[PDB]
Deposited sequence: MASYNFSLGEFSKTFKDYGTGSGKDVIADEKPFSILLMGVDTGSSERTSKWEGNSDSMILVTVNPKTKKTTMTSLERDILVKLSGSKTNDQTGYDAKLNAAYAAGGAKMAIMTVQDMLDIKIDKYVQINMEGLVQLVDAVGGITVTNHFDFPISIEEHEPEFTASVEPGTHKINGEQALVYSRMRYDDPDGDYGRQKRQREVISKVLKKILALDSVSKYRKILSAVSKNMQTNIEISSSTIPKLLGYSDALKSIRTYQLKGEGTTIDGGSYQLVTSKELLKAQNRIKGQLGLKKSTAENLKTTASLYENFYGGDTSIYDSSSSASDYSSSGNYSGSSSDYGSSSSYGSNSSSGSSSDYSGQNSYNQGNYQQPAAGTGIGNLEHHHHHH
């Protein structure tokens, strides 16, 4: 019944060598209330990780954490930035997201535009497309559907909406599976492109089924910093106020003691100490 946290680590799943996404999820298993906080990849932090890692203890973007030290560095860096202990962990890359969509049998979307949703003009390695109308689409099409931006009058906001739709529809299919063999069919298809310490067993299936009607009330939040240019690159410096607010909101969902401005603990490069 105890609330717990999940770090979702999207390895090069975002939209120069990589665009990671990190989402901190809180889950209350009793009330089913769930929240998701997106952590901007450009946020400047001191990396945490193994003492034998050459980059542990130096400042970098959050975007660099997984490339520098793997799952351990990503977990430890987020833990020290938010001053919490992370309970559960799910990591997947772009190849695995494509495989996941196919493994659940596809998803159904509607293209409301008067032309195909496609991105090859702007990102030539992605040639799949979604014709106008309603279609059951494969994983390569789902990637394009969640990335297209320049043909949308609402720009990156229309894009974020479509990406939200895709992840929501995939999660709905996963959490609807009612047997361990059905889960293991998906685990077989994605294979090592997804790693987690979430137990998927006949014992836990009843509980995951119980979250089917929690995905419709998830509150979403974003942790962002003040934009700064350092050596030609784009960085974000979180303010003391905004970090405290994000930490305490998550702590509040997790049943943990909140911090004050005077005892705030973080490895983030705070704006007020940078300047």
Regions left out of the model, expressed as runs of the deposited sequence counted from 1: 1-29, 45-51, 312-388
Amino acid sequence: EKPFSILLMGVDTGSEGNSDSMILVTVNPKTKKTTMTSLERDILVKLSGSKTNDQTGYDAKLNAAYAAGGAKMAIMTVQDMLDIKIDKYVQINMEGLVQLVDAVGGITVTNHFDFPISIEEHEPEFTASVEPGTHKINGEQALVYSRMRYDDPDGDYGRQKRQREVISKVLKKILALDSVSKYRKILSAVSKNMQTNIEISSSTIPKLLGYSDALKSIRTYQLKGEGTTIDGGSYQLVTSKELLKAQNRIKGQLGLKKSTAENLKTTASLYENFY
From here on, numbers count along this sequence of modelled residues.
Higher average CA B factor in the deposited record is what I'm after, so tell me if that's 247-255 or 261-269. 261-269
Between the two ranges 222-230 and 207-215, the one averaging a larger CA B factor in the entry: 207-215
Per the deposited B-factor column, the C-alpha that peaks among 176, 187, 76, 119 belongs to 176
Just grab whichever of 152, 140, 131, 80 has the top CA B-factor as deposited. 152
Once the chain's modelled residues are ordered by C-alpha B factor and cut into thirds, is residue 115 in the lowest, middle or highest one? lowest
Taking the values exactly as deposited, rank residue 162 by C-alpha B-factor within its chain and report the matching third: lowest, middle or highest. highest
Cα B factor band for residue 170 (lowest, middle or highest third within the chain): highest
Is residue 31 in the lowest, middle or highest third of its chain when residues are ranked by C-alpha B-factor? middle
Split the chain's modelled residues into thirds by Cα B-factor; residue 61 lands in the middle
